[PDB]
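Shown here is one chain on its own, the form deposited in one PDB entry, set out as structure tokens.
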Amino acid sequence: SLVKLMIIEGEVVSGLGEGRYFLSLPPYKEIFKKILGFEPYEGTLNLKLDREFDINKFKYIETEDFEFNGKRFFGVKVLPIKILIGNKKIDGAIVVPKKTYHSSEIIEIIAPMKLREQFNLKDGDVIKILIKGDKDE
């Protein structure tokens, strides 16, 4: 058999607090836990890559639309990854809205810990993510 791996460097960047909002919603929390087998920290780590990232080149899991506290929320595409910081690894996932006007060089990742606090990460620090497999594996 064979295994394909891709390791991508990403530069830590900041959003405007969107992910701490969305990741506070129980339907997203609960579905991420079911898919990924961990309870995500409430937030997303934004990473700036040097090429656009297209989740459709991989075997992602898609979640469903839902309504919560009266507002409509849309499903997301989720791709399990490993996060590599120095010699440590952390289970995580790339999360992308299910509909986007184009693929971005900015990705958002979820993990079971606050990565900035655990690893003292500041904007500009570079870390790596590892993806196993692709859409044809």
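Start at 1 with the first residue shown and count on from there. What we label the rigid core is the largest C-alpha set whose atoms superpose within 1.5 Å from one form to the other.
The form deposited in another entry exists for this protein as well; it is not shown, and the discussion that follows is about that form.
Threshold 2 Å Cα movement between this form and the one not shown for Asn87, core superposed: For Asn87, whose C-alpha is compared between this form and the one not shown after core superposition, the shift is less than 2 Å.
Yes/no, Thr100 Cα shift of 2 Å or more between this form and the one not shown with rigid core fixed: For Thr100, whose C-alpha is compared between this form and the one not shown after core superposition, the shift is 2 Å or more.
Is_shifted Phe68 between this form and the one not shown (CA, 2 Å cut-off, rigid core): It does shift by 2 Å or more.
Pairwise C-alpha change, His102 versus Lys48, in that other deposited form against this form - closer or farther, 3 angstroms or more: So the answer is closer.
Cα-Cα shift for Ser103 and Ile61, closer or farther in that other deposited form, minimum 3 Å: More distant in that other deposited form, by 3 Å or more.
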